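Convention: sequence-line order gives letters A, B, ...; per-chain numbering from 1.
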Amino acid sequence: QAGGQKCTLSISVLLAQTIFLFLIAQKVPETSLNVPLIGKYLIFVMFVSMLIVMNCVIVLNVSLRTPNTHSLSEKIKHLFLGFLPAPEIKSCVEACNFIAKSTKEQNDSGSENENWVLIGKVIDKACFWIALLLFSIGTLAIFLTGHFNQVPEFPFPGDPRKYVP
Amino acid sequence: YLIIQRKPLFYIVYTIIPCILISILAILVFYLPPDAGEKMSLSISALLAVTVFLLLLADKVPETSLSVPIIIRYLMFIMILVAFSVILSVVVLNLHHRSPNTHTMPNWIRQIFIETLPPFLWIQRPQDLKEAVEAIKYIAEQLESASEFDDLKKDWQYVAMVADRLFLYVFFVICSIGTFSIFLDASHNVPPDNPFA
Amino acid sequence: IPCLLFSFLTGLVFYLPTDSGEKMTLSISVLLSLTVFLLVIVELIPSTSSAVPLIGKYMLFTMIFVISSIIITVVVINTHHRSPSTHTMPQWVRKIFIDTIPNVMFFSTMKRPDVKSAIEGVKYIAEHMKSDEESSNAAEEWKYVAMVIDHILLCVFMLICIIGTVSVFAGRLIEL
Amino acid sequence: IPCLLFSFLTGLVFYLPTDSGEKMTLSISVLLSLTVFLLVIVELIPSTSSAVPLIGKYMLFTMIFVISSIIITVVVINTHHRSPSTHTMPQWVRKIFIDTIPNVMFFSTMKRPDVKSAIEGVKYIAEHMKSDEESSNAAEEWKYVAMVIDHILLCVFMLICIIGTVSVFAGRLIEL
Amino acid sequence: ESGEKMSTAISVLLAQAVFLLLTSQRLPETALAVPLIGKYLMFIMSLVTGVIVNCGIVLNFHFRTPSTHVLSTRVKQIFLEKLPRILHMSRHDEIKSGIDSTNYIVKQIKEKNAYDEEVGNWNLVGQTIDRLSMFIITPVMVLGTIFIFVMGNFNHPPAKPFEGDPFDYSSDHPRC
Ligand SMILES: *[C@@H]1O[C@H](CO)[C@@H](O[C@@H]2O[C@H](CO)[C@@H](O[C@@H]3O[C@H](CO[C@H]4O[C@H](CO[C@H]5O[C@H](CO)[C@@H](O)[C@H](O)[C@@H]5O)[C@@H](O)[C@H](O)[C@@H]4O)[C@@H](O)[C@H](O)[C@H]3NC(C)=O)[C@H](O)[C@H]2NC(C)=O)[C@H](O)[C@H]1NC(C)=O
Ligand SMILES: *[C@@H]1O[C@H](CO)[C@@H](O[C@@H]2O[C@H](CO)[C@@H](O[C@@H]3O[C@H](CO)[C@@H](O)[C@H](O)[C@@H]3O)[C@H](O)[C@H]2NC(C)=O)[C@H](O)[C@H]1NC(C)=O
Ligand SMILES: *[C@@H]1O[C@H](CO)[C@@H](O[C@@H]2O[C@H](CO)[C@@H](O[C@@H]3O[C@H](CO)[C@@H](O)[C@H](O)[C@@H]3O)[C@H](O)[C@H]2NC(C)=O)[C@H](O)[C@H]1NC(C)=O
Ligand SMILES: CCCCCCCC
């Protein structure tokens, strides 16, 4: 909702990743035979931030839905909220009952928006447990691959000699 | 010997004019109402911009440590001024979003910011029937309670407005004085009339 | 690849409802990221003026794409907060965006002494409630129009991104 | 000095209320300023890998400071916008944050035929009003908890900034 | 009503700062002239700073309330009556207790509606300031851009070197 600042955070992290890309481009060689690891990871995290911007936008769309724009169906709620987890007195009375009716209508619309909000929160928790795993696994795989890229034991693989004094 | 005076038009444009504009922005943020929510954006974007100017200037300043050039002193002045603008905007927003449920207004704040300052700064501001009657009485009492709550909210928001205007005047004065004391210090650096050689 | 990401996000802002005050945040931050990427492009790309490269055409394309997204985003946002007190919905607006288009939008999934003063005051409350409900229905019509335009432009911009990353990079890539 | 300003400003988002939808703005913009300043630093200081200098230790301390600030800020926003319909406030949280810490402070300003239809409607209205009052009381308790947490973390982060600028720059400075 | 005016404008100014950065590292630090591009950058950065000041004024006016400000008849005449027309803008103690209670409710509701009416008038004042600033600036922006860049595009060299020499110094037409 207004003030949560989901897209703010996401797109600002994308901006920071862009600045880091500019900084890396000042440090990597200009060869085109292989993609280095830090640029690969920058691309990965930028794709992840793009997908999470998409997810935040979708969650904001769903959580902000109203009966005027979209109809909430039984099947959607069941797929998310149930599965994934005298003349004067006559004027007086007329006015009073109209007031009560208007109030009831407003409040029922409010309840509908609330259902949409909860659907959004559910999507959100699931998308979180997916994003954490994705980002952590990508980061960890890439960088332990780097850590494991160690010099051979012998200068020439087949040659058994160390060629040292 | 070659006594040579520099022509700084390039630096003037590319570093000082942007900083003049940034310092202007750092004064405006106190004219904004907190109900907009565009206050941190302004302040911290100004800070980011003066950081961009610092980056710009990085590759153009001697890397010696016998003194600080008036240009970097000016940039640090504007940077710290934007920082304090951020701090005080945070303070104003805190005061503006205060309420009795979270804060008790003390007497010194009330006095200073509602009695002393505003003049200076130019602000100056039968069973069924029984059920129905009890329900309407409850409604009326809730409404009057909320009116009082809103009155106190408005007192806090007025404190915020007053602090904001005070900060506006203070920052205009500080920025102007510092900028002009730095520029006058720079205009009076003219090569001597005799080179002593 | 960063240009692809920026173009996708540009097209993406059009699924964000104006209720969240973040359409401009998103679009303008995509624009800022693309300006910083122009900054790195100027360092990795030849600074010659003999011709526009392919990357340069693509960069200009994505920048114009982002900027047009921002402009139409502003128009949508205004169509959203378009009060009835000052604007009245014309005939084409409620004829195209309310009676024709929502029906050919399949990927949408959207809708298609003092005792006397007392009764006088209750009647005044009813009067104000009625007027407010009318104005609110009007504002809801405006919001629905904005939503329909937003969906249309989502589709248009996704398709433009597709055909743009294909066009600029098809003829040369088939010569290869 | 710029890194000091960024640290000091990260220790400040905790005096920024959450009703102000600007905490992420402030924190993440400090982070952006620090990233551009990371550019500055890499342009200025050396690219040595012989050891970790003091500039680097301080920059990484500041960056982790900003990241922790943002994380706890998100926690505070989540507690503040903690609906009572789905979250009932525990008792230990009320005992600690509403009942103990507020008093443990002294420097703060915190607190411590038809007619039947009409009757039906007015009674409904009052019942809904008191339900709304209950929900608001719960939401305000959550807001109070978040505000207390914010004051605590403000103190903690200002203290961290101070002791950090001193520690990272004490061993050598006294030796000089 | 969309908290995105200042964000928009100040982000535009950040982009302009980035372009100023890219420009500053393309020319020598000479002082016999301001480069046309730097001229335009200063002009446009100042104009955008003015746009930001104006949006701040508009917001200040928009968020005024009877509790803090007074809607002077001068301001009404100016920004609600005159200029909009110019800018061409669109448009038994128990029963007695209950009776006194409903009277009090009506009183408060009428006060609230007057409040909201004056707030709407302040909003119209803001809209008028907005259209005025648009019709004053946007022409200025476009015309200054065009002026500058035609003055630049019409800087063809003199077609003849050595001002006081009718000779073209061309291999085609020698003299003797
Ligand atoms: C760092 O980089 C260097 C390269 O700059 C790596 O050094 C390479 O290491 C490989 C593995 O240790 C070497 O492979 C071994 O090469 C030798 C020699 O091969 C040469 O001579 C062969 C025989 O020549 C006779 O027979 C031919 C066929 O009948 C005739 O045509 C010829 O006239 C002669 O009569 C020849 O067939 C071959 O093409 C070469 O000219 C082999 O004896 C070993 O069996 C190869 N394998 C092993 C396990 O040694 C490779 O030669 C060597 N290159 C250089 C430039 O020294 C070094 O390993 C890298 N270190 C790393 C990555 O840590
Ligand atoms: C530019 O640099 C040159 C060289 O550094 C400066 O010349 C030197 O100036 C100093 C101070 O005036 C001289 O010292 C004094 O010389 C006078 C001569 O009468 C003597 O009486 C004093 O007791 C003292 O020795 C110095 O001799 C002179 N020469 C050199 C080569 O050092 C010059 O002054 C500088 N110009 C400017 C504008 O600063
Ligand atoms: C390119 O640069 C050359 C110089 O490097 C220019 O030629 C020189 O231009 C100057 C200024 O116009 C001439 O000086 C003038 O001479 C006349 C005649 O004496 C005098 O009346 C003027 O008051 C002025 O002093 C100079 O004679 C001329 N020649 C040289 C070799 O310096 C040339 O004009 C430039 N071309 C262009 C198109 O910019
Ligand atoms: C006589 C009943 C008036 C109802 C007022 C409702 C205020 C929310």
Side-chain angles (χ1 to χ4, degrees), chain B residues 1-21 53 56-57 59-62 69-71 183-184 186-197, chain C residues 38-39 41-43 45-53 56-57 59-60, chain E residues 15-50 136-176:
Chain B
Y1 313 81
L2 273 162
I3 320 307
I4 40 167
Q5 202 171 213
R6 192 185 317 251
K7 313 176 191 147
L9 192 69
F10 175 95
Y11 299 94
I12 273 174
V13 159
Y14 283 97
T15 298
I16 293 173
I17 297 310
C19 280
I20 294 298
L21 310 168
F53 309 152
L56 201 151
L57 192 61
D59 69 320
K60 281 174 199 289
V61 301
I70 200 80
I71 202 79
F183 292 174
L184 293 166
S187 275
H188 308 334
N189 193 67
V190 56
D193 68 332
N194 171 64
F196 287 105
Chain C
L38 180 64
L39 182 147
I41 276 172
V42 158
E43 187 177 2
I45 300 315
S47 290
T48 200
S49 296
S50 66
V52 193
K57 291 173 170 165
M59 190 66 185
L60 201 67
Chain E
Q16 276 161 3
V18 173
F19 285 110
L20 185 77
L21 165 58
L22 302 182
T23 307
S24 67
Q25 41 180 62
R26 287 275 154 172
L27 295 82
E29 315 159 27
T30 42
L32 314 172
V34 185
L36 195 78
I37 190 67
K39 219 182 281 281
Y40 165 76
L41 281 162
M42 279 318 92
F43 162 69
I44 210 77
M45 287 174 103
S46 313
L47 189 68
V48 170
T49 304
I136 282 179
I137 276 168
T138 306
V140 164
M141 188 183 290
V142 176
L143 294 169
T145 303
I146 293 170
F147 184 91
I148 280 163
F149 286 125
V150 303
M151 184 177 64
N153 209 33
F154 292 171
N155 179 53
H156 308 308
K160 180 183 299 319
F162 301 135
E163 295 85 4
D165 217 325
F167 192 49
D168 267 306
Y169 294 80
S170 189
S171 65
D172 293 332
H173 166 65
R175 47 171 60 151
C176 292

Check this for me: [X], atom [atom1], are more than 12 non-hydrogen atoms of other residues, nucleotides or ligands nearer than 6.0 Å?
{"X": "E:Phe149", "atom1": "CZ", "result": "yes"}
{"X": "C:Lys57", "atom1": "NZ", "result": "no"}
{"X": "E:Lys160", "atom1": "NZ", "result": "yes"}

Test item: [X] and [Y] side chains (from C-beta on) under 4.5 Å apart, heavy atoms:
{"X": "E:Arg26", "Y": "E:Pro35", "result": "no"}
{"X": "B:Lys7", "Y": "E:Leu32", "result": "yes"}
{"X": "B:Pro195", "Y": "B:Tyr1", "result": "no"}
{"X": "C:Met59", "Y": "C:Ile41", "result": "yes"}
{"X": "B:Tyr14", "Y": "B:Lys60", "result": "no"}

Mind checking the [atom1]-[atom2] spacing from [X] to [Y]? Nearest 0.5 Å is all I need.
{"X": "B:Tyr11", "Y": "B:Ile16", "atom1": "OH", "atom2": "CD1", "answer": "11.0 Å"}
{"X": "E:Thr49", "Y": "B:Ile17", "atom1": "OG1", "atom2": "CD1", "answer": "10.5 Å"}
{"X": "E:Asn153", "Y": "E:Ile148", "atom1": "CG", "atom2": "CD1", "answer": "13.5 Å"}
{"X": "E:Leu47", "Y": "E:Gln16", "atom1": "CG", "atom2": "CD", "answer": "8.5 Å"}
{"X": "E:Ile37", "Y": "E:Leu20", "atom1": "CD1", "atom2": "CG", "answer": "10.0 Å"}
{"X": "B:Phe183", "Y": "B:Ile20", "atom1": "CZ", "atom2": "CD1", "answer": "4.5 Å"}

So which pairs with a foot in residues 141-151 of chain E pass salt bridge (charged side-chain N to carboxylate O under 4.0 Å, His left out), sequence neighbours left out?
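Qualifying pairs, neighbours excluded: none.
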
Least distance between heavy atoms, [X] atom then [Y] atom:
{"X": "E:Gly152", "Y": "E:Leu36", "answer": "CA-CD2, 3.7 Å"}
{"X": "E:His173", "Y": "E:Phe167", "answer": "O-CE1, 3.7 Å"}
{"X": "E:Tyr169", "Y": "E:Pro161", "answer": "CD1-CG, 4.4 Å"}
{"X": "B:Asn189", "Y": "B:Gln5", "answer": "O-OE1, 4.0 Å"}
{"X": "E:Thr145", "Y": "E:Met141", "answer": "OG1-O, 2.8 Å"}
{"X": "B:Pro18", "Y": "B:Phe53", "answer": "CB-CZ, 3.3 Å"}

Donor-acceptor contact present, side-chain E:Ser24 to main-chain E:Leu21, <3.5 Å:
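Yes; judged by distance alone, with no hydrogens or angles, the pair exists.
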
